[PDB]
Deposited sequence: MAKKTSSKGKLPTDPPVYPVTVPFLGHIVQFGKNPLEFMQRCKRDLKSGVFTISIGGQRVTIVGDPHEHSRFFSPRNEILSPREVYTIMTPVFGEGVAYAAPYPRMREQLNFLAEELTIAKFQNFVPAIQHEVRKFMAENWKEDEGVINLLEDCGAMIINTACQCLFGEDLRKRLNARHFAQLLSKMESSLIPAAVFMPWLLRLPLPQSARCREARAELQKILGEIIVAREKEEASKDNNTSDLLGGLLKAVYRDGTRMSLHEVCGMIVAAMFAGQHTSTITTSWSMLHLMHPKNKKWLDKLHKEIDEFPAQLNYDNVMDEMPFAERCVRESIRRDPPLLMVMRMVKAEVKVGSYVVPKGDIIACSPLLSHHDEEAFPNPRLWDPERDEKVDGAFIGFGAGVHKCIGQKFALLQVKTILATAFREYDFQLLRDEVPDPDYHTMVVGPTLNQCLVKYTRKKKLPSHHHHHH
């Protein structure tokens, strides 16, 4: 009962190169040419079955670890999160560790986040956008605000003195540049010559050492993310080692650094284009009554329109293209069976362009709704739904409201940028993100 297979021209590659040159065109072509939302491609040539029919999403996002296993596709993350941590730990321990982190990012921790985010955005604009007008790279400035604001929400004063946002961002960038995403499926790529020595193992040790000194200094005489993590207790009564705590801190910062940056950038590139003037007017009608000091209720409860803006930016250009699982027990999807040992995948990129669920999918329409229930999967669904999503939305909406209150923006090109599918987390093409800001005062 197998899904149809896309023909393979080069057995050793399968489709990894066709996918890589244009994942959107490739995946739409398969789904169109095989006349099936559910179809199988080759990635060197491991079978990957894509559930590209939004009616079948729950069949991918609902099964538990025993049936659909996430960990096999993250072997590359081991040197980053740390040996034996997270995806390299036994499953019950992994679930507990991700859950400790989820607990640090609930509503209940957010009471002082909105002013901390605002103070930091404002400091960034005063320092970097200080003429009446100027030309910036919006994607780079969003990245800087996202790291700065995250640090101010999650890290205590003492930790920020040993490790400012700029040094944090350099450490994460070192750990990131060592990764070969395609090594998930072709681990021999790890054997190819590097232009430069990898600094991942060293960036992490350096972070772990700073964290250890902060911890010793705190014991000599604390409710930030580090402190929350230090009070966590496994069900067997033991606690996290420093190795583990460091792994979780890395995962939390690493997860949001591109995804959140990209979401903010897209939302601003859309809002500022002149054809979207009606939407920018609507955003202003939402925010123009707010006090200068926003609070949690303003952002969580009184920005429904800004949130539709953020969601629609992820719908149109989801920063995570594909989510994957090892099939541990055969599963039904639609009228097919997907066999044990396949990789199964569901792609936000593909599903978010399904013509039935999202008519005119290349149009950014913040007022649209999904026409297939559950077809938006930008933050996942079910068992592995994103645990960072409320924090990421708070952050992005808070930056929108803060920047648009004091500045106007002009995109220096005819159209909202093209997505650049060549990076593992996908955002607007970098050299298309030049923007002129105009300070409203002066």
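No alpha-carbon coordinates exist for the deposited sequence positions 1 to 12, 234 to 240, 462 to 470, given here in order along the chain.
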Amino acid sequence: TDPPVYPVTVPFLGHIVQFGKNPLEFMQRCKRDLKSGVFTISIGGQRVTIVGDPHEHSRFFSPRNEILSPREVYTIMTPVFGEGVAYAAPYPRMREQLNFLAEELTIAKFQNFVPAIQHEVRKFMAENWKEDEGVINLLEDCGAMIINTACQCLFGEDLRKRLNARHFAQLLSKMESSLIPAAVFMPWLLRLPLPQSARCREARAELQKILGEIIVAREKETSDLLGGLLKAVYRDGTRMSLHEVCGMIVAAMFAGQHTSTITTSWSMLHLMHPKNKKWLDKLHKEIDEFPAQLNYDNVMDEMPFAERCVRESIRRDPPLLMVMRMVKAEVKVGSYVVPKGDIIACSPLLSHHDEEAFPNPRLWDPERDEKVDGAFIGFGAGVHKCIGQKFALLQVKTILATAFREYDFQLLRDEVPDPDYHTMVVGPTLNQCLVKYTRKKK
From here on, numbers count along this sequence of modelled residues.
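For clarity, a rigid core is taken as the largest C-alpha set superposing within 1.5 Å between two forms.
Averaged over structures and residues, the CA distance from the shown form in 8 other deposited structures of this protein after a core fit is larger for 184 to 192, of the two stretches 184 to 192 and 207 to 215.
Of the two segments 223 to 231 and 336 to 344, the one whose CA positions lie farther from the displayed form in 8 other deposited structures of this protein, once all are superposed on the rigid core, is 336 to 344. Note on 95 to 103 vs 164 to 172: mean CA B-factor is higher in 164 to 172. Taking only CA atoms, the mean B-factor in the PDB entry is higher for 333 to 341 than for the other of 188 to 196 and 333 to 341. Of the residues listed, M300, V85, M324, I249, the entry assigns the biggest Cα temperature factor to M300. Note on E244, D236, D224, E312: the highest value goes to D224, judged by CA B factor as recorded. Placement of the Cα temperature factor of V10 within the chain: highest third of the modelled residues, per the deposited record. For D365, the recorded CA temperature factor ranks within the lowest third of the chain's modelled residues. For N128, the recorded CA temperature factor ranks within the highest third of the chain's modelled residues.
In this PDB entry, the Cα temperature factor of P348 sits in the bottom third of its chain's modelled residues, the lowest group.
When the CA B factors of the chain's modelled residues are split into thirds, the value for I214 lands in the highest one.
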